[PDB]
Ligand code: NI
């Protein structure tokens, strides 16, 4: 009898194009065209979804883009015969995720079995990197986490930042709390003291135009993930290394324009882009010496620096990880205490 609509999932293979994946799914030739007419692009490690109507006609197509610098969540619907970027306020919903796990084999291993996003395992590693090694957790060691999770139409699509984390290694308790204020946040321990190389910011900037993490466009309601920090600064402004390490690259790089990377050791790297010019200071960099100057090369509006920290792999909120953490004043102390208590109430849920 009558046919019902169904979803088709097509994974994205190496250096694949949208039209490519869309074609392997079985989508019509002329249909692929009407789509790519308005929409180095397709984020690998995923799969584009296509809703097929009972009549075999495509009605929707959602997927993630991995453009250089940021990733976009593209949702497209077909109405009246035209593909339009679908979006709405109620589409996404962020919830606090309470995950508790006890180490058995390895720390990173057990956390993976507990359904803990790779992003979080690495973000957690850098946060406590100044107290212990996340890989030195023996059996019986606990890891209690609380982090925002993004749900698209009731379906978990990503993971926000860590709100609080309690780790017990060998019986020693280590706590980390996320604190935000003013008109990104930072991580502090239970006593409000700084946790933990990166003793300075990459430069002197006028203001931070765009923070790290997921954010919804105020009017388009679309969602995008900025894989770094946008430091607004006059072009030509000296861009120095945040810490020691060794520069491993430099030159034009996709939408990043001129950029350089530094392997700060311990399995961590950094990247500064959109530079107007370098300064050629390869080899080992003491940490602090100029390595570039602000510009607007690659995919960028005006002058500013793109700071991106990549722990054991890909993008990770550089805050309190690959940047210095400011001390808490009275303009905080009280507020922080109020926030620490809220997170601890959720933590106690995993004890
Ligand atoms: Ni950026």
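Each answer follows from the model by the rule given with it, or from the source it names; no laboratory instrument gave them. Virtual Cβ from ideal backbone geometry, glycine too; neighbours counted across all protein chains shown.
Conditions (1) within 22 Å of the chain's Cα centre (by Cα); (2) in the same structural domain as residue 266 (by CATH); (3) within 16 Å of the ligand (Cβ to nearest atom), marked per residue:
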{"residue": "282", "(1), (2), (3)": "no, yes, no"}
{"residue": "286", "(1), (2), (3)": "no, yes, no"}
{"residue": "291", "(1), (2), (3)": "no, yes, no"}
{"residue": "294", "(1), (2), (3)": "no, yes, yes"}
{"residue": "305", "(1), (2), (3)": "yes, yes, yes"}
{"residue": "312", "(1), (2), (3)": "yes, yes, no"}
{"residue": "338", "(1), (2), (3)": "no, no, no"}
{"residue": "347", "(1), (2), (3)": "no, no, no"}
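Of the residues that sit in region 257-276 and are within 16 Å of the ligand (Cβ to nearest atom) and closer than 14 Å to residue 309 by Cα, which one is surrounded by the fewest Cβ atoms within 10 Å (Cβ to Cβ)? By that ranking, first place goes to 261. Taking region 152-217 and the strands (runs of 3 or more DSSP E) fully enclosed by it, the elements with 1 or more residues that are over 20 Å from residue 95 (Cβ atoms) are at 155-169, 172-179, 186-188, 207-210. I'd like the full set of residues that are surrounded by 19 or more Cβ atoms within 10 Å (Cβ to Cβ), within 20 Å of the chain's Cα centre (by Cα) and within 15 Å of the ligand (Cβ to nearest atom), limited to region 198-212. Once the filter is applied, which keeps residues that are surrounded by 19 or more Cβ atoms within 10 Å (Cβ to Cβ), within 20 Å of the chain's Cα centre (by Cα) and within 15 Å of the ligand (Cβ to nearest atom), region 198-212 yields 202, 212.
Residues that are closer than 29 Å to residue 46 by Cβ and either surrounded by fewer than 16 Cβ atoms within 10 Å (Cβ to Cβ) or touching a strand residue (DSSP E or B) at 6+ places or on another chain (Cβ under 7 Å) (or both) occur at least once in region 165-178. Here residue 226 clears all of (1) more than 16 Å from the ligand (Cβ to nearest atom); (2) more than 30 Å from residue 351 (Cβ to Cβ); (3) under 21 Å from the mean Cα position of the chain (by Cα) except the condition numbered (1). So for region 238-250 (the condition being surrounded by fewer than 22 Cβ atoms within 10 Å (Cβ to Cβ) and in contact with a helix residue (DSSP H, G or I) (Cβ under 6 Å, 6 or more places away or on another chain)), does at least one residue qualify? Looking for residues that are surrounded by fewer than 22 Cβ atoms within 10 Å (Cβ to Cβ) and in contact with a helix residue (DSSP H, G or I) (Cβ under 6 Å, 6 or more places away or on another chain), one finds none in region 238-250, hence no. Being within 13 Å of the ligand (Cβ to nearest atom) and not assigned by CATH to the domain that holds residue 129 is a property that residue 245 lacks. The residue list 221, 217 contains one member that is within 16 Å of the ligand (Cβ to nearest atom) and within 25 Å of residue 74 (Cβ to Cβ), which is 217.
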